[PDB]
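Shown next: query.pdb, containing PDB, C-alpha atoms.
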```pdb
ATOM      1  CA  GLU A   1     108.920-166.192 268.427
ATOM      2  CA  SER A   2     109.271-168.797 265.683
ATOM      3  CA  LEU A   3     111.922-168.940 262.973
ATOM      4  CA  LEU A   4     109.499-167.711 260.305
ATOM      5  CA  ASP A   5     108.541-164.817 262.584
ATOM      6  CA  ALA A   6     112.103-163.512 262.411
ATOM      7  CA  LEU A   7     112.156-163.882 258.629
ATOM      8  CA  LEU A   8     108.855-162.036 258.257
ATOM      9  CA  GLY A   9     109.948-159.361 260.716
ATOM     10  CA  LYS A  10     112.859-158.336 258.516
ATOM     11  CA  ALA A  11     110.725-158.261 255.362
ATOM     12  CA  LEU A  12     108.289-155.902 257.110
TER      13      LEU A  12
ATOM     14  CA  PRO B   1     101.492-164.276 211.877
ATOM     15  CA  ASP B   2     103.076-166.064 214.836
ATOM     16  CA  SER B   3     100.676-168.039 217.019
ATOM     17  CA  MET B   4     100.426-166.488 220.493
ATOM     18  CA  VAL B   5     100.758-169.346 222.984
ATOM     19  CA  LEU B   6      99.831-169.209 226.669
ATOM     20  CA  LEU B   7     100.244-172.450 228.599
ATOM     21  CA  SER B   8      97.893-173.130 231.471
ATOM     22  CA  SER B   9      99.514-173.960 234.806
ATOM     23  CA  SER B  10      99.506-177.054 236.985
ATOM     24  CA  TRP B  11      96.633-177.496 239.422
ATOM     25  CA  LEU B  12      97.216-178.561 242.987
ATOM     26  CA  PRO B  13      95.009-181.345 244.441
ATOM     27  CA  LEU B  14      92.193-180.104 246.639
ATOM     28  CA  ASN B  15      92.713-180.703 250.371
ATOM     29  CA  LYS B  16      95.707-182.964 249.678
ATOM     30  CA  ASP B  17      99.082-182.390 251.314
ATOM     31  CA  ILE B  18     101.899-181.982 248.792
ATOM     32  CA  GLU B  19     105.600-181.170 248.951
ATOM     33  CA  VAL B  20     106.503-177.928 247.215
ATOM     34  CA  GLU B  21     109.418-175.641 246.482
ATOM     35  CA  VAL B  22     108.743-171.909 246.492
ATOM     36  CA  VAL B  23     110.189-170.689 243.184
ATOM     37  CA  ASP B  24     110.522-167.410 241.305
ATOM     38  CA  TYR B  25     107.330-165.387 241.056
ATOM     39  CA  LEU B  26     105.427-165.923 237.803
ATOM     40  CA  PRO B  27     103.007-162.983 237.383
ATOM     41  CA  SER B  28      99.404-163.647 236.398
ATOM     42  CA  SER B  29      96.599-161.363 235.293
ATOM     43  CA  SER B  30      94.391-163.445 237.643
ATOM     44  CA  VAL B  31      95.819-162.063 240.911
ATOM     45  CA  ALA B  32      94.114-159.159 242.653
ATOM     46  CA  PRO B  33      96.377-156.323 243.866
ATOM     47  CA  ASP B  34      95.593-157.286 247.478
ATOM     48  CA  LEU B  35      96.039-161.059 247.081
ATOM     49  CA  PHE B  36      99.448-162.266 248.263
ATOM     50  CA  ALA B  37     100.394-164.458 245.299
ATOM     51  CA  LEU B  38     103.313-166.851 245.019
ATOM     52  CA  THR B  39     104.557-169.554 242.669
ATOM     53  CA  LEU B  40     105.006-173.123 243.892
ATOM     54  CA  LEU B  41     106.687-176.078 242.179
ATOM     55  CA  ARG B  42     105.358-179.388 243.469
ATOM     56  CA  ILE B  43     108.238-181.823 243.950
ATOM     57  CA  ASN B  44     108.507-185.590 244.360
ATOM     58  CA  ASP B  45     105.426-186.111 242.168
ATOM     59  CA  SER B  46     106.251-189.295 240.269
ATOM     60  CA  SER B  47     103.049-189.309 238.204
ATOM     61  CA  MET B  48     104.065-186.207 236.251
ATOM     62  CA  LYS B  49     107.842-186.704 236.527
ATOM     63  CA  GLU B  50     108.109-189.180 233.652
ATOM     64  CA  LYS B  51     105.824-186.983 231.549
ATOM     65  CA  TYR B  52     107.888-183.822 232.037
ATOM     66  CA  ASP B  53     111.191-185.691 231.690
ATOM     67  CA  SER B  54     109.891-187.286 228.488
ATOM     68  CA  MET B  55     108.813-183.873 227.166
ATOM     69  CA  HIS B  56     112.284-182.415 227.724
ATOM     70  CA  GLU B  57     113.929-185.397 226.012
ATOM     71  CA  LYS B  58     111.788-184.895 222.903
ATOM     72  CA  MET B  59     112.212-181.111 222.978
ATOM     73  CA  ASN B  60     116.008-181.414 223.013
ATOM     74  CA  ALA B  61     115.808-183.878 220.107
ATOM     75  CA  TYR B  62     113.196-181.889 218.169
ATOM     76  CA  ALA B  63     114.260-181.099 214.612
ATOM     77  CA  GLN B  64     111.758-178.422 213.582
ATOM     78  CA  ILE B  65     112.335-175.593 216.044
ATOM     79  CA  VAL B  66     111.158-172.596 214.010
ATOM     80  CA  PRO B  67     111.952-168.959 214.876
ATOM     81  CA  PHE B  68     109.459-166.163 215.336
ATOM     82  CA  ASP B  69     108.684-164.054 212.286
ATOM     83  CA  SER B  70     108.797-161.122 214.715
ATOM     84  CA  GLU B  71     109.545-162.062 218.346
ATOM     85  CA  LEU B  72     108.027-163.622 221.437
ATOM     86  CA  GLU B  73     105.363-161.218 222.673
ATOM     87  CA  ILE B  74     105.380-160.171 226.321
ATOM     88  CA  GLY B  75     103.175-162.399 228.450
ATOM     89  CA  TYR B  76     103.303-165.360 226.044
ATOM     90  CA  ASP B  77     105.207-168.584 225.565
ATOM     91  CA  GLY B  78     107.902-170.113 223.402
ATOM     92  CA  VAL B  79     111.133-172.062 223.916
ATOM     93  CA  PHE B  80     114.624-171.002 224.995
ATOM     94  CA  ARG B  81     117.615-172.776 223.442
ATOM     95  CA  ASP B  82     120.806-172.131 225.413
ATOM     96  CA  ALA B  83     122.739-174.740 223.388
ATOM     97  CA  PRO B  84     122.126-177.403 220.729
ATOM     98  CA  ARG B  85     119.756-180.039 222.108
ATOM     99  CA  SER B  86     119.062-177.940 225.222
ATOM    100  CA  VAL B  87     115.496-176.633 224.883
ATOM    101  CA  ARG B  88     113.122-175.493 227.637
ATOM    102  CA  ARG B  89     109.716-173.819 227.681
ATOM    103  CA  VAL B  90     109.593-170.134 228.595
ATOM    104  CA  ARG B  91     107.207-167.251 229.128
ATOM    105  CA  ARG B  92     108.300-163.699 228.342
ATOM    106  CA  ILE B  93     107.061-162.150 231.580
ATOM    107  CA  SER B  94     108.625-158.759 230.762
ATOM    108  CA  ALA B  95     110.712-157.044 228.105
ATOM    109  CA  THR B  96     114.037-158.240 229.539
ATOM    110  CA  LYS B  97     113.046-161.475 231.339
ATOM    111  CA  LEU B  98     112.010-165.003 230.432
ATOM    112  CA  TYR B  99     110.463-167.444 232.907
ATOM    113  CA  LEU B 100     111.335-171.160 232.691
ATOM    114  CA  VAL B 101     107.792-172.337 233.311
ATOM    115  CA  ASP B 102     108.777-175.933 234.122
ATOM    116  CA  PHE B 103     111.616-174.998 236.502
ATOM    117  CA  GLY B 104     110.536-171.810 238.296
ATOM    118  CA  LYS B 105     113.544-169.724 237.237
ATOM    119  CA  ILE B 106     113.723-166.257 235.703
ATOM    120  CA  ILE B 107     116.461-165.725 233.110
ATOM    121  CA  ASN B 108     117.403-162.898 230.773
ATOM    122  CA  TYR B 109     115.537-162.516 227.496
ATOM    123  CA  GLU B 110     117.857-163.388 224.586
ATOM    124  CA  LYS B 111     116.170-162.632 221.267
ATOM    125  CA  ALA B 112     118.432-164.978 219.313
ATOM    126  CA  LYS B 113     117.865-167.941 221.654
ATOM    127  CA  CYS B 114     114.043-167.737 221.601
ATOM    128  CA  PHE B 115     111.950-169.836 219.215
ATOM    129  CA  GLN B 116     108.321-170.836 218.860
ATOM    130  CA  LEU B 117     106.867-173.571 221.057
ATOM    131  CA  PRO B 118     105.731-176.438 218.785
ATOM    132  CA  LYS B 119     102.121-177.524 219.173
ATOM    133  CA  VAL B 120     103.126-181.020 220.322
ATOM    134  CA  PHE B 121     104.715-179.440 223.421
ATOM    135  CA  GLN B 122     101.709-177.266 224.336
ATOM    136  CA  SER B 123      99.758-180.121 225.959
ATOM    137  CA  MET B 124     101.555-180.218 229.315
ATOM    138  CA  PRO B 125     100.680-177.380 231.721
ATOM    139  CA  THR B 126     103.502-175.338 233.182
ATOM    140  CA  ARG B 127     105.116-177.444 235.891
ATOM    141  CA  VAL B 128     104.891-174.436 238.226
ATOM    142  CA  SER B 129     101.555-173.641 239.880
ATOM    143  CA  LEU B 130     100.001-170.187 240.154
ATOM    144  CA  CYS B 131      99.067-169.748 243.797
ATOM    145  CA  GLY B 132      97.655-167.300 246.286
ATOM    146  CA  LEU B 133      97.685-167.257 250.069
ATOM    147  CA  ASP B 134      94.163-168.187 251.112
ATOM    148  CA  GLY B 135      91.928-166.741 253.789
ATOM    149  CA  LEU B 136      93.383-163.266 254.284
ATOM    150  CA  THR B 137      92.477-159.579 254.104
ATOM    151  CA  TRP B 138      95.715-157.608 253.920
ATOM    152  CA  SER B 139      96.320-154.232 255.534
ATOM    153  CA  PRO B 140      96.783-151.718 252.678
ATOM    154  CA  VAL B 141     100.023-150.469 254.251
ATOM    155  CA  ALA B 142     101.454-154.006 254.005
ATOM    156  CA  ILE B 143     100.656-154.703 250.334
ATOM    157  CA  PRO B 144     103.844-152.887 249.205
ATOM    158  CA  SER B 145     105.796-155.511 251.199
ATOM    159  CA  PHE B 146     104.545-158.449 249.099
ATOM    160  CA  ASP B 147     107.829-158.732 247.154
ATOM    161  CA  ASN B 148     109.913-158.697 250.343
ATOM    162  CA  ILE B 149     107.577-161.274 251.883
ATOM    163  CA  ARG B 150     107.973-163.507 248.825
ATOM    164  CA  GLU B 151     111.765-163.383 249.171
ATOM    165  CA  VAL B 152     111.486-164.460 252.820
ATOM    166  CA  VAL B 153     109.082-167.264 251.889
ATOM    167  CA  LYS B 154     111.456-168.441 249.139
ATOM    168  CA  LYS B 155     114.138-169.023 251.804
ATOM    169  CA  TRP B 156     111.834-170.373 254.538
ATOM    170  CA  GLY B 157     112.315-174.041 253.677
ATOM    171  CA  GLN B 158     116.089-173.609 253.620
ATOM    172  CA  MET B 159     116.013-171.915 257.030
ATOM    173  CA  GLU B 160     113.770-174.705 258.365
ATOM    174  CA  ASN B 161     116.099-177.309 256.766
ATOM    175  CA  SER B 162     112.822-178.984 255.803
ATOM    176  CA  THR B 163     110.713-179.436 252.700
ATOM    177  CA  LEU B 164     107.772-177.046 252.723
ATOM    178  CA  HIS B 165     104.288-178.518 252.342
ATOM    179  CA  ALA B 166     101.158-176.998 250.827
ATOM    180  CA  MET B 167      97.460-177.790 250.603
ATOM    181  CA  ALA B 168      95.057-176.307 248.082
ATOM    182  CA  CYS B 169      91.932-174.982 249.825
ATOM    183  CA  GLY B 170      90.166-173.892 246.650
ATOM    184  CA  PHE B 171      90.533-172.291 243.250
ATOM    185  CA  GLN B 172      89.906-168.729 242.070
ATOM    186  CA  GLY B 173      90.121-168.660 238.301
ATOM    187  CA  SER B 174      93.604-169.909 237.435
ATOM    188  CA  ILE B 175      94.916-169.438 240.994
ATOM    189  CA  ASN B 176      95.384-172.254 243.495
ATOM    190  CA  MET B 177      94.294-170.961 246.922
ATOM    191  CA  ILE B 178      96.748-172.646 249.274
ATOM    192  CA  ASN B 179      98.007-172.961 252.806
ATOM    193  CA  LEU B 180     101.800-173.140 253.072
ATOM    194  CA  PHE B 181     103.321-174.694 256.159
ATOM    195  CA  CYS B 182     106.282-176.499 257.701
ATOM    196  CA  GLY B 183     104.955-178.736 260.460
ATOM    197  CA  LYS B 184     102.925-176.559 262.815
ATOM    198  CA  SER B 185     104.425-173.354 261.346
ATOM    199  CA  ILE B 186     101.658-172.021 259.073
ATOM    200  CA  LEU B 187     102.382-169.004 256.897
ATOM    201  CA  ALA B 188      98.981-167.316 257.187
ATOM    202  CA  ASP B 189      99.048-167.757 260.972
ATOM    203  CA  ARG B 190     102.481-166.139 261.331
ATOM    204  CA  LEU B 191     101.523-163.229 259.063
ATOM    205  CA  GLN B 192      98.168-162.693 260.781
ATOM    206  CA  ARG B 193     100.116-162.702 264.054
ATOM    207  CA  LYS B 194     102.087-159.662 262.842
ATOM    208  CA  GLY B 195      98.887-157.668 262.334
ATOM    209  CA  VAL B 196      99.623-156.989 258.660
ATOM    210  CA  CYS B 197      96.565-159.043 257.653
ATOM    211  CA  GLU B 198      93.433-160.580 259.148
ATOM    212  CA  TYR B 199      91.501-163.769 258.489
ATOM    213  CA  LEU B 200      88.528-163.593 256.133
TER     214      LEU B 200
END
```
Just give me the structure as structure tokens.
Amino acid sequence: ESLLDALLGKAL
Amino acid sequence: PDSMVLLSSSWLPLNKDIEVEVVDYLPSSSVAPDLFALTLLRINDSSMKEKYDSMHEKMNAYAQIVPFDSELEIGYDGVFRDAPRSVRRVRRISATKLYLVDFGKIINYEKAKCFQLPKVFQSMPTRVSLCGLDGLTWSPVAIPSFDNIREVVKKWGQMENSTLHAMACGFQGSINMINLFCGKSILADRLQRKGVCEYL
């Protein structure tokens, strides 16, 4: 799970 | 009556890697409801740097800044003067907000600090670029998340401690269709991986 994954996960 | 001015926006070079900052969202009538749009500011572009810097020097020194008979109409362009010899180009994107089109920053609308944009300063496009994330069909349930996704994307470069890069894949009206990426981390790939959208 990349860094950007984590960012996008919170937005969603 | 006052002339209604609408600057075009900067084009990104087709299939050419550029360095970009994700800035505040500048809305455009050219974005479909289901297109994930975003605003990029290309950085480290020396060709245009001297032109924009020269424009701002002349704007700050400009003598004949004239006010609006009425006021800056929503969706259209003028200048914002926060102090003597401090003049920047703005778009009134809403009733209470101006957009600094050459910096990518939203600020509060101040009626008294807004003046008309002289013709001589209407030749440069907005430094910011109107963009849309290319190659995607979004799940309808996800479309309400576009604002949240834009906030995340605005901080992505900071969290990567790296400059984000972009590449224009095509153009749809006034919109640059782009890929946004940091090394091998590609935005469309990471979104598609979350099942909120699919490739075209």
Go through chain B and flag each residue having an atom no more than 12 Å from chain A; for those, report the closest pair of atoms plus their distance in Å to one decimal, using only C-alpha atoms, ordered by chain and rising number, as a Markdown table.
```
| residue | atom | partner | partner_atom | distance |
| --- | --- | --- | --- | --- |
| B:141 | CA | A:12 | CA | 10.3 |
| B:142 | CA | A:12 | CA | 7.7 |
| B:143 | CA | A:12 | CA | 10.3 |
| B:144 | CA | A:12 | CA | 9.6 |
| B:145 | CA | A:12 | CA | 6.4 |
| B:146 | CA | A:11 | CA | 8.8 |
| B:147 | CA | A:11 | CA | 8.7 |
| B:148 | CA | A:11 | CA | 5.1 |
| B:149 | CA | A:11 | CA | 5.6 |
| B:150 | CA | A:11 | CA | 8.8 |
| B:151 | CA | A:11 | CA | 8.1 |
| B:152 | CA | A:7 | CA | 5.9 |
| B:153 | CA | A:7 | CA | 8.1 |
| B:154 | CA | A:7 | CA | 10.6 |
| B:155 | CA | A:7 | CA | 8.8 |
| B:156 | CA | A:4 | CA | 6.8 |
| B:157 | CA | A:4 | CA | 9.6 |
| B:158 | CA | A:4 | CA | 11.1 |
| B:159 | CA | A:3 | CA | 7.8 |
| B:160 | CA | A:3 | CA | 7.6 |
| B:161 | CA | A:3 | CA | 11.2 |
| B:180 | CA | A:4 | CA | 11.9 |
| B:181 | CA | A:4 | CA | 10.2 |
| B:182 | CA | A:4 | CA | 9.7 |
| B:183 | CA | A:4 | CA | 11.9 |
| B:184 | CA | A:2 | CA | 10.4 |
| B:185 | CA | A:4 | CA | 7.7 |
| B:186 | CA | A:4 | CA | 9.0 |
| B:187 | CA | A:4 | CA | 8.0 |
| B:188 | CA | A:4 | CA | 11.0 |
| B:189 | CA | A:5 | CA | 10.1 |
| B:190 | CA | A:5 | CA | 6.3 |
| B:191 | CA | A:8 | CA | 7.5 |
| B:192 | CA | A:5 | CA | 10.7 |
| B:193 | CA | A:5 | CA | 8.8 |
| B:194 | CA | A:9 | CA | 8.1 |
| B:195 | CA | A:12 | CA | 10.9 |
| B:196 | CA | A:12 | CA | 8.9 |
```
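For the file shown, the residue list from the PyMOL selection byres ((chain B and resi 110) around 9) reads residues 80, 96, 97, 98, 107, 108, 109, 111, 112, 113 and 114 of chain B.
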Evaluate the PyMOL selection byres ((chain B and resi 53-67) around 8) and report residues as a count of residues only: 17
Selection result for the PyMOL selection byres ((chain B and resi 42) around 9) on this file, as number ranges by chain: B: 12, 18-22, 40-41, 43-45, 127-129, 165-166
Test item: residues at most 6 Å from residue 89 (chain B), all atoms listed in the file, excluding those fewer than 3 positions along its chain, as a VMD selection string: chain B and resid 78 to 79 100
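Closest approach to residue 75 (chain B) among B:6, B:119, B:103, B:39 is made by B:6 (distances from only C-alpha atoms).
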Computed interatomic separation between CA of residue 77 (chain B) and CA of residue 132 (chain B) (Å): 22.1 Å
Between CA of residue 47 (chain B) and CA of residue 76 (chain B) - distance in Å to one decimal: 26.9 Å
Kindly provide, as AutoDock Vina command-line options, the centre and edge lengths (Å, one decimal) of an axis-aligned box around all atoms of chain A given in the file, with 4 Å on each side.
```
--center_x 110.6 --center_y -162.4 --center_z 261.9 --size_x 12.6 --size_y 21.0 --size_z 21.1
```
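Computed from the coordinates, the CA of residue 131 (chain B) to CA of residue 200 (chain B) distance equals 17.4 Å.
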If we count only C-alpha atoms and set the cut-off at 9 Å, which residues sit around residue 171 (chain B), ignoring sequence neighbours fewer than 3 positions away in its own chain? Please answer as a compact mmCIF listing (two decimals) with C-alpha atoms, keeping the file's coordinate frame.
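Okay, result14.txt is ready:
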```
# COMPACT_ATOMS: atom_id res chain seq x y z
CA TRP B 11 96.63 -177.50 239.42
CA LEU B 14 92.19 -180.10 246.64
CA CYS B 131 99.07 -169.75 243.80
CA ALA B 168 95.06 -176.31 248.08
CA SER B 174 93.60 -169.91 237.44
CA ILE B 175 94.92 -169.44 240.99
CA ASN B 176 95.38 -172.25 243.50
CA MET B 177 94.29 -170.96 246.92
CA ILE B 178 96.75 -172.65 249.27
```
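Counting all atoms listed in the file, the residue from B:27, B:13, B:33, B:1 that sits nearest to residue 94 (chain B) is B:27.
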